């Protein structure tokens, strides 16, 4: 049995495992859900008015619950479609040839370069990227210019609700957005396929029917929004972030590096990440990460046919440089993937 938003409150939001993706807000046909402080909220006054005058519209809907990455699929159709969307890919290592991107990117700048090409080529009208404010609090945006893409390059380890810029399907259609590409964590890419896998999803007025390309980032875990402030960090002097064996490495303007140990980061890990077993995103057209490739290069897993097409276009046009990933790097990727699977199974049974 599914109980729409009420089920999400009892089993995900109030349970403390919400990944703040925003998918529930982006699927609701009655615009009941909206993201506030990166937390899903419902307009209960509007729901009560609709139910009192027109009936129980959530009863046989449950679209928000079937779209949540923290709700297990239960129906045959959704499970069948999700399995068909799971794809293995060829592992390679790539790096951008455009200097403005390499100056701000996290590794090889493949995400920023791919999105740049998709916009310059007219393949997409907009892209969902993660920008940030002065305090490094992520700000998801639907970008259509290079300036906005460069301002989003780099990696932030707190939540950036990829679906918040897509909660108004009417406005997107009014603004001429017919094709959109998105970048997100495996939880966010899995959420995209969860909605697309819903029976008759293509007949709903949702942004999931106009998303043409999906990049899934490698992700070990995300931290709560309190991490920066509580950890007492001179944010004004911060230039970038990067999590590795030594812990969260905060690069500073002086060239110095404040290293926070993984042992201190345990209290900041999001509860929803502790039960996540998806490291490489088998649901993305192309998955991009750091592990397995040399520093300054991005590990790319080209999975779908559209991913292979776009990847070759970037190569044919000299927009990226490619190299092979050694056996050592291939095993390291598979080890991190099994590591997350084992820790997720342990934390799930624990509950």
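Positions refer to the first chain, counted from 1.
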> Do the CA atoms of 222 to 230 or those of 75 to 83 have the higher mean B-factor in the entry?
Replying inline: 222 to 230
> Of 319 to 327 and 28 to 36, which one has the bigger average CA B-factor?
Replying inline: 319 to 327
> Based on the PDB record, which member of 159, 187, 119, 248 exhibits the highest Cα temperature factor?
Replying inline: 248
> Highest CA temperature factor in the entry: which of 178, 168, 264, 174?
Replying inline: 264
>> Looking at the temperature factor on the CA atom of residue 66, which third of the chain's modelled residues does it land in?
In response: lowest
> Should residue 208 be placed in the lowest, middle or highest third of its chain by the C-alpha B factor in the entry?
Replying inline: lowest
>> Could you place residue 60 in the lowest, middle or highest third of its chain by Cα temperature factor, using the values in the record?
In response: lowest
> Would the CA B-factor of residue 151 place it in the lowest, middle or highest third of its chain?
Replying inline: middle
> So where's residue 284 on the chain's Cα temperature factor ranking, which third?
Replying inline: lowest
